[PDB]
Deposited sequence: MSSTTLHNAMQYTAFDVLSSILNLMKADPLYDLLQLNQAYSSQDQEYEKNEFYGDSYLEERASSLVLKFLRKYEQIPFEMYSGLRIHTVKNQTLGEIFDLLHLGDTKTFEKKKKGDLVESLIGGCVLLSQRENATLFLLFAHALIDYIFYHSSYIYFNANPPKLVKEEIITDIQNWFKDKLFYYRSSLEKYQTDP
C-alpha cells in the first residue's frame, strides 16, 4: 500500500527531473550528437559508436547496482543477480522508459536509449557537457529503479521482498533529490 503509492509518486518526480534536465540539454549547441566529429565520422557511424559504448556503460552500472542491493541478503540466490541484470538491460525495459519519458519499435527504442546514454557520457568526456553526464546517470538510475520494482514484484525473494523494495525506493528518492538540486544549482 505504501510502496505502491510511493511508486506512483516516484514516476511523476522522475519524469519531471529527467524532463527538466533534458530540456536544458536541448538548448545546448552540442545537443545534436550525431553531427559531431564530422572530419572523422558520420551520422550513422556516430549513432552506432554511441550505442556501442552506451550498451556497455549501462551494463556495468546495472551490474554494480544489482550487487549493491542484493548482496545485503544472503537468502537471495545468484540466479536473481543474473535475472535482474538481464531484466534491466533488455529492450522491453528500455522501451518502457522511452515511453515514460516521451522521448518519441521495441528494438529501435532500446537502441535509441543506449545511443543516448553513450552519446551523453562520451560528450561529457570530450567537451564541456557535465549536464549530459548528469542526465545519463539519472536515466540509468531510473532504468534500474523501474526494472527492479517490476522484477521483484514478479519474482519476490524469500522473506525480504519488502525490505529490498524499500531499500531501492529510499535510494532512488535520494538520487532524485540529488539530481534535482544539481539541476537547480546548475541553473544558477
Would you mind checking the deposited sequence against the model and listing the stretches with no C-alpha coordinates? 105 to 109, 194 to 195
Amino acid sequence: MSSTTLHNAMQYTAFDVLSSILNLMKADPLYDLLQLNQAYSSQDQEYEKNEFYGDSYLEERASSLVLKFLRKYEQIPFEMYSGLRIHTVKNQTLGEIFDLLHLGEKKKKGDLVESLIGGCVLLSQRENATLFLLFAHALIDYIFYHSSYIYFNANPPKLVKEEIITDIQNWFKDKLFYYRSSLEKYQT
From here on, numbers count along this sequence of modelled residues.
If you average the CA temperature factors as listed in the entry, which stretch comes out higher, 179 to 187 or 3 to 11? 179 to 187
Read off the CA B-factors in the entry, average them over 125 to 133 and over 56 to 64, and name the higher stretch. 125 to 133
Highest recorded C-alpha temperature factor, please, choosing from 143, 36, 154, 120. 36
Lowest, middle or highest third: where is residue 82 by C-alpha B factor in its chain? middle
Report the third (lowest, middle or highest) to which the CA temperature factor of residue 47 belongs, ranking only the modelled residues of the same chain. middle
Sorting by Cα B-factor within the chain, modelled residues only, which third would residue 160 end up in: lowest, middle or highest? middle
Which third, lowest, middle or highest, does the CA B-factor of residue 93 fall in along this chain? middle
Sorting by Cα B-factor within the chain, modelled residues only, which third would residue 168 end up in: lowest, middle or highest? lowest
